[PDB]
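Since the structure comes first, as structure tokens, the remarks are kept for the end.
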Protein chains: 2
Amino acid sequence: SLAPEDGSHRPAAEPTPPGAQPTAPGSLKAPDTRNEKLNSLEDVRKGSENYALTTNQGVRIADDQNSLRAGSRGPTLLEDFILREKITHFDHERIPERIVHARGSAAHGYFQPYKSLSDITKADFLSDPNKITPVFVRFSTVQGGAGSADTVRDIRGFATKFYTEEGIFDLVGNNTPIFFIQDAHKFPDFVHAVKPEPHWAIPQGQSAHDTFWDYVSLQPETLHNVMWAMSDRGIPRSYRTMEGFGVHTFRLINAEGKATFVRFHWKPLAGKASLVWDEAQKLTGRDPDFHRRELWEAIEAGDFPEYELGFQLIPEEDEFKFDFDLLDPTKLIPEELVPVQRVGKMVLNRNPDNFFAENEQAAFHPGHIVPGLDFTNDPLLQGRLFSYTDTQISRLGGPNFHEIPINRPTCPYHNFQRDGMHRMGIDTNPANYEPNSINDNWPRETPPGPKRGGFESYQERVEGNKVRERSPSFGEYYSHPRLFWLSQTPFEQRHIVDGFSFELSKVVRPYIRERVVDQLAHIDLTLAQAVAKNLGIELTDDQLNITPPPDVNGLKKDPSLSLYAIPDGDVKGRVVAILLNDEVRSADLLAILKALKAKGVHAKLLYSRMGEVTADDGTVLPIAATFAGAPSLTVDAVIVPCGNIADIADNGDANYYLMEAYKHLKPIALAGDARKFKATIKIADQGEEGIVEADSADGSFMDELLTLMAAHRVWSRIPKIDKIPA
Amino acid sequence: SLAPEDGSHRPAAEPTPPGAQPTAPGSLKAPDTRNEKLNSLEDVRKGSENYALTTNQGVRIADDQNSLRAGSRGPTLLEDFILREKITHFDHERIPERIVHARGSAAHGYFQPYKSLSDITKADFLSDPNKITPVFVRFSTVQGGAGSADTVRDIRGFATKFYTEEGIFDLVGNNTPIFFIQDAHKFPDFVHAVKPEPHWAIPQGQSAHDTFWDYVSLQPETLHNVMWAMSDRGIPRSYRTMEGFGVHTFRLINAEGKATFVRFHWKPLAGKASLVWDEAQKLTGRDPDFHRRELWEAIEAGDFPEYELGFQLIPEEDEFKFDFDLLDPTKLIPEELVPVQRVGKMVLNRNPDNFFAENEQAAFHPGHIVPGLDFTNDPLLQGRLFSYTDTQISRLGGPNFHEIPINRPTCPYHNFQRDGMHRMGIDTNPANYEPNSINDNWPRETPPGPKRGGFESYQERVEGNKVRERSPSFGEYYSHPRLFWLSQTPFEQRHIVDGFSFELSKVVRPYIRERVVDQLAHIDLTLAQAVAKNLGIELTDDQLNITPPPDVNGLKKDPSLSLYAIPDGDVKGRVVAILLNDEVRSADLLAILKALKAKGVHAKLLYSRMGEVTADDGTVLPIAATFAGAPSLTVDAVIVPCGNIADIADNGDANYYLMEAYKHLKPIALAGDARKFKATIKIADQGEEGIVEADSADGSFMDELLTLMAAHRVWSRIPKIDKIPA
Ligand code: HEM
Ligand code: HEM
């Protein structure tokens, strides 16, 4: 018995804030959170307590510390089958990572529609507001490998497996509403250009290198999604505070056979929020697992990620009514033109038990649709349909990947497919073909119908010759990048210019930087000039005179394209660092902590060492982390209570903690003598917007700080940080 | 879509300093650098210039931009075999990463011995000082995945494949002289404890988490290698500046049949150097590919990594003469007791052409020995001999991994093995068994002998019962960690205390911290008290009274265990940042560059934007990177010439550059009006050792900076950095 007798090895099976208890497998942390998929995995969940250690053949092991040898200092013997099984298993633990989106973090949850959508789709999962569908969701980055960092600048994947009563539907989306390329034939080119360069395999997790920008400079279709990656959309605060999009136009099909075009959206109920670049890049070093950690810990705290599914619907008669083609995945549909209709809510409320078994082996594929949905001829979508089933034959070892437990449907599945590696199901049908008489033709085809019918494709007319040709309707590249640029606030535009400037500075061949800047000049002269200035490039008179692309259907901006132009702040589940001293003013800390708790904001108590400190009134304060152990990168705001401020006033880490938070536009609150830190961040005596300061943490101090938190960052500080040495 | 007319897309095929040209495949960068193995790969090298793009079947492609569809806005057709081949290959590009040491960087080179070693070994590659053996070397970290960061705290792998005339010998070593565990049966337990925890797969690249420290606290045999990992050995500056060790005792066997025990060493001819923790961890975010890039660039510059192979030799009759067991891989052999005899030199002088095909697919295995070498009964080595052939069956797809080009011997190989997946070799032998008459028994066995003989194992006597039992002589765990601790300088001891304090601060369950501090108290009470203080733990009276472990065969210290106690600095291949201004004093820059050039030290010219700046004499200076783009973490020293210092005096990034370099103990040199930066880092008018300052850069100024660089870091500054907010 190695566990401590006090039971402190084991986390409480109740919701607890981040850092209060060790994390645990979801079924041990939240045993009473259930859904139909999580219950169906009970057949394969394996416990451990009170069981004997055995080989995989069920033979009990007596000595798991030693190989069998001839003499205690002698050679190891080949007949040691217990050693060889253990090491064989170990030796073959790894499977290939996903070719793209290899770095991802997943959780279980459930979806429910707000109302029946039977007028527009016969999909069973959207038929009844009382019908709950379990989901499994994986969020990801794109370029880096499974052991790369979370807070890179990249697009994010947002993939949802809906375990419906009429089959698995996978909605395999990203966090921007378009893609970089138009036709799937180019996907290996684009991905090879953004991935580490093939001679030396550098850089990981970064598009900031010559081959990415070479491709971009030569393929202007990429410029719209490059604009989104360069904006703060490319560095989200958390998977909870980003949007999701299916990108492509798909179809909904109703029981009368009417097709409606649809684009899928997820709205984050926590609001939209991103980091700033220097913070994101630094955080990839201080905590490369920051998003995976934040997701897991938000679920263990009960801060469940929630998202609203929404549809942009366009009738079939309106296919050609826009300046852009609905089938072009480099074009977005502005919400000012076509509103998102709210459809239902997804809640992710349980972490997996075993990351490899559930996250690593999960297989999502956008070809997994159900009756009531159909495809369109978007030429990127069309190639995706080939790839996601093909890639599993090597990644997951064969064609029985649907029998891996996480991928199994919860509804019935029966057919005449047999064998393959890893075959789990033992078919008892006398027939393995149809038509057959020997089993009366079962399992049988089902005609299409309003409910529980077979799948039939919408009978779209096709007319044309067999060609390898891009539609001329797709040959417009600059207007949507411009619409995005003009929709951002002034600080978002500054961050876009700084993103392109930093990335192009890492491109070693200067002519590629010049070719990118020339593309920028086809989008917006202000953007191109500001990027060119940071690169020491002067635009030519010809570039200064390029006429801007046309507005999109008359729009010169759409505020739903900005992260921050329309406030949607939510403080619940955010975290504040509290910088302690060795005799904290306990009344300040009571007021601070209870105000945060009331709004669901978490706290981490920091000091210059671990263990405890004692407040003025004798209260014993446990320390969560040190100033360097839990840097300001990992929090949303910083509060310094009064007390013996001389204890930390000359601590370089305490001072730097405030400088780094200040640089990264975070709210900072200073009570009492903690106001002596104003000199460190060069605040004037009469104060400044974004710094909360008072004699004590009472009265309006916490309300002011929480108001700042709801607005996320102090954008007005940007010209001030510009010269702080941090 | 084509190359620039000036040819600047293509790097010069001559040696160039880092940053001067884009990096390139080795065979294009150094076409005249050859060796027998490099030549042998010509059969599979594929060019590209002037060739038509084709399918893998050799059919020319006309349009690689579009899928075949029915009309240009129509559905993609299943008969598009060109799209499907391209996307199938892409979908199957990934293979499983190595179970451990997945992150690694490799290069080609050659080895030769200084003199024949035929008196102690019949190994052909050690028999003649003028017979050169090609090598392929991979350096690696242990824990993280292939996409994790380079400058983590971890043990490093140092694996060398020698392509000898009598077979492939792989010397598969690490950068510390011991391992964490005694018997291979525990390898999966230890690896699972240090790897990301199974519920959530966090943390990547870090031992700073509960399960690792749980395992260490319960298995004190780990403490020796844990001491090495917590020292600055865990964070080398470059793979060129670390030691290598085979860890195990092996045997040499000479032509008369005599066995000598041996342990293998690599000594870095560039000297030993490591980062400091804050620098290392921040660099994982600013350049996660820092070691891979520095190795590739040193080779492109001509700063070839060189290492000296050395042997510790113990005669067979001295097996039991030490106070530790020679077969215990958690024990080192102190060089004060058994000196390292210099054996030969290895030079890495060419980068690979394709990282996947050469680095990712290389397979090293310590059971690949040759006549003149043999194993011992070390119980960790014994189990390794199983694992490295087993694991390639999944990683490399079957038993023909030796036909993957990088793994092929360059000597003859012939036998009766046949088939297996992706069999390349077409055997014409009418026999596939022996003995056979139908091919007159070829290929034939060869008796052992002095040279070109068959392998025979040394006929070691074996006497014991079949037991799973640890030798009692391996049950001592504290004396080697203590010897290591006492052999470090004071600043190295401080960094060890900091490494344990940082790591255990991230262990969430406090009792695990307490248990590790109790282990430390069994090694050295000063170490244990210093770690306990940082953790808010007080040692008990019983803990204060633990008797120190014994000295190791009378030694109180061995300075060969320290990175820094004995000067061994070599500045060739190091890099300095030069902070420019918009009117640099050209006479300062001339003097700086001339002095750096004479010592082989590279420079990177930095500014607040990219492009060029002009010096006072009209010299146009191209800018390598911005201050933020290439932080001080990436260089060894910082020099600031005079000129228009007002241009940069108030720039936050330039001031921070100096504060970060100062904190990280790097030499700084300030000329002329650049001395006004003394105020940012609080240097007294009188100056400080480690800050070079003068009215102009000249011979004396550069000689002083260069002397500082030869000592690597400014250890005397340590007490002055805790107050610095950086
Ligand atoms: C609209 C543009 C696209 C979006 C929104 C998208 C989204 C995603 C996401 C989120 C994943 C990760 C699934 C997971 O978390 O497990 C993924 C995986 C993948 N996608 Fe895509 N993708 C796009 C384009 C493409 C294209 C053009 C192809 C190839 C024809 C492709 C082939 C793949 C493959 C091979 C994987 C790995 C899947 C697996 O191993 O199971 N994707 N995609
Ligand atoms: C002295 C202790 C050990 C040392 C110094 C060591 C060293 C290394 C190194 C340097 C590598 C990376 C080689 C490369 O660059 O590809 C490696 C890989 C590996 N080792 Fe070890 N190792 C040790 C113990 C063990 C043990 C006890 C086992 C299991 C019985 C083991 C099994 C493996 C496996 C399966 C790989 C990956 C091999 C591949 O896929 O090619 N090693 N080891």
Side-chain angles (χ1 to χ4, degrees), chain A residues 83 87 90-91 94 96-102 104 106 137-140 142 155-159 161 170 172-174 176 178-181 183-188 190-191 245-248 329 359 362-366 378 380-392 394-396 401, chain B residues 83 87 90-91 94 96-102 104 106 137-140 142 155-159 170 172-174 176 178-181 183-188 190-191 245-248 329 359 362-366 378 380-388 390-392 394-396 401:
Chain A
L83 175 71
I87 301 304
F90 170 82
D91 282 346
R94 301 285 179 272
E97 71 179 18
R98 284 162 175 82
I99 315 300
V100 284
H101 297 259
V137 168
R138 185 171 180 281
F139 298 109
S140 53
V142 183
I155 303 302
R156 304 310 196 270
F158 190 157
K161 178 166 306 290
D170 291 331
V172 186
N174 284 348
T176 69
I178 70 290
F179 201 59
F180 296 96
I181 61 170
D183 186 311
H185 198 67
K186 293 220 63 87
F187 190 68
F190 171 75
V191 172
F245 308 91
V247 177
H248 313 287
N359 173 322
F364 300 84
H365 179 73
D378 172 320
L380 189 64
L381 170 69
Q382 291 271 314
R384 287 181 77 197
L385 302 183
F386 170 82
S387 172
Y388 295 70
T389 303
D390 173 47
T391 197
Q392 318 308 337
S394 64
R395 190 173 73 90
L396 294 178
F401 66 81
Chain B
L83 172 70
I87 297 305
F90 170 82
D91 282 346
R94 309 281 175 279
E97 73 181 17
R98 290 164 170 78
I99 314 304
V100 278
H101 295 264
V137 171
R138 187 169 176 282
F139 303 103
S140 47
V142 178
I155 299 301
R156 301 311 197 267
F158 188 151
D170 294 329
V172 187
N174 277 352
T176 68
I178 72 283
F179 199 62
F180 289 102
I181 63 169
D183 183 311
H185 197 70
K186 297 219 61 82
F187 192 76
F190 172 79
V191 174
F245 301 91
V247 175
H248 315 290
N359 176 326
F364 300 82
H365 177 77
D378 167 325
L380 193 65
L381 170 61
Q382 285 276 310
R384 285 180 75 201
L385 310 175
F386 171 80
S387 174
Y388 293 71
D390 180 40
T391 200
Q392 316 308 341
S394 66
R395 192 171 69 92
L396 298 176
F401 60 87

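Read the numbers this way: they start at 1 and go in the same order the structure lists the ligands and their atoms. Numbers restart at 1 for each chain; the letters A, B, ... are given by sequence-line order, proteins then strands.
- Between B:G383 and B:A184, the shortest heavy-atom distance links the atoms CA-CB, 3.4 Å.
- Exactly one residue among A:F190, A:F187, A:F386 makes a ring-ring contact (aromatic ring centres under 6.0 Å, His included) with B:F90. That residue is A:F187.
- Counting only distance, with no hydrogens or angles, the side chain of A:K186 and the backbone of A:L380 share no donor-acceptor pair below 3.5 Å.
- Ranking the protein heavy atoms by distance from atom 14 (C) of ligand 1 puts A:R138 NH1, 3.3 Å first.
- In terms of protein heavy atoms, atom 41 (O) of ligand 2 is closest to B:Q392 NE2, 2.8 Å.
- Heavy-atom contacts of B:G383 reach the following atoms of ligand 2: 30 (C) (cutoff under 4.0 Å).
- If you number the atoms of ligand 2 from 1 as listed, the ones under 4.0 Å from a heavy atom of B:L380 come out as 1 (C), 2 (C), 27 (C).
- Looking at every heavy atom in both residues, B:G104 comes nearest to B:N359 through O-ND2, 3.1 Å.
- Of the protein's non-hydrogen atoms, B:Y388 OH, 2.9 Å is the one closest to atom 42 (N) of ligand 2.
- Of the protein's heavy atoms, B:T391 CG2, 3.7 Å lies nearest to atom 38 (C) of ligand 2.
- Across A:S394 and A:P96, no two heavy atoms sit closer than the pair O-CG, 3.7 Å.
- The shortest heavy-atom contact between A:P329 and A:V247 is O-CG1, 3.8 Å.
- Here the shortest heavy-atom distance to atom 9 (C) of ligand 1, taken over A:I178, A:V172, B:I87, belongs to A:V172.
- Among protein heavy atoms, atom 6 (C) of ligand 2 sits closest to B:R384 NH2, 3.2 Å.
- In this structure the side chain of A:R395 reaches within 4.5 angstrom of the side chain of A:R98, judged on heavy atoms.
- Looking from atom 37 (C) of ligand 1 to the surrounding protein, the closest heavy atom is A:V100 O, 4.0 Å.
- Of all heavy-atom pairs between A:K161 and A:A363, the closest is NZ-O, 2.7 Å.
- The ligand atoms of ligand 1 that sit less than 4.0 angstrom from a heavy atom of A:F179 are 2 (C).
- For atom 29 (C) of ligand 2, the closest heavy atom belonging to the protein is B:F187 CD2, 3.4 Å.
- Residue A:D91 has at least one heavy-atom neighbour below 4.0 Å for each of these atoms of ligand 2: 35 (C).
- The NE2 atom of A:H185 sits 15.5 Å away from atom CD of A:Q382, with the distance rounded to the nearest 0.5 Å.
- Considering backbone and side-chain atoms alike, B:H248 places every N or O at 3.5 Å or more from each N or O of ligand 2.
- Here the side chain of B:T391 pairs a donor or acceptor atom with the backbone of A:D91 at under 3.5 angstrom.
- A donor-acceptor pair under 3.5 Å is absent between the side-chain atoms of B:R138 and the main chain of B:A159, judged by distance alone.
- Ligand-side atoms of ligand 2 in range of B:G157: 10 (C), range being under 4.0 angstrom from any heavy atom.
- With ligand atoms numbered from 1 in the order given, ligand 1 contributes 1 (C) to contacts under 4.0 Å with heavy atoms of A:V247.
- Between the side chain of B:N174 and the backbone N or O of B:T176, no donor-acceptor pair lies under 3.5 Å.
- Ranking the protein heavy atoms by distance from atom 32 (C) of ligand 2 puts B:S387 OG, 3.0 Å first.
- Considering only non-hydrogen protein atoms, atom 16 (O) of ligand 2 sits nearest to B:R98 NE, 2.8 Å.
- Listed here is the closest heavy atom pair of B:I99 and A:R94: O-NH2, 2.9 Å.
- For atom 17 (C) of ligand 2, the closest non-hydrogen atom on the protein side is B:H101 CD2, 3.4 Å.
- In summary, the atoms of ligand 2 found under 4.0 Å from a heavy atom of B:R395, numbered by their order in the structure, are 39 (C), 40 (O), 41 (O).
- Contact analysis leaves A:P329 out of contact with ligand 1, as no non-hydrogen atom separation drops below 4.0 angstrom.
- For A:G104, the closest heavy-atom approach to ligand 1 does not fall below 4.0 Å.
- From the protein, the heavy atom lying nearest to atom 10 (C) of ligand 1 is A:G173 O, 3.3 Å.
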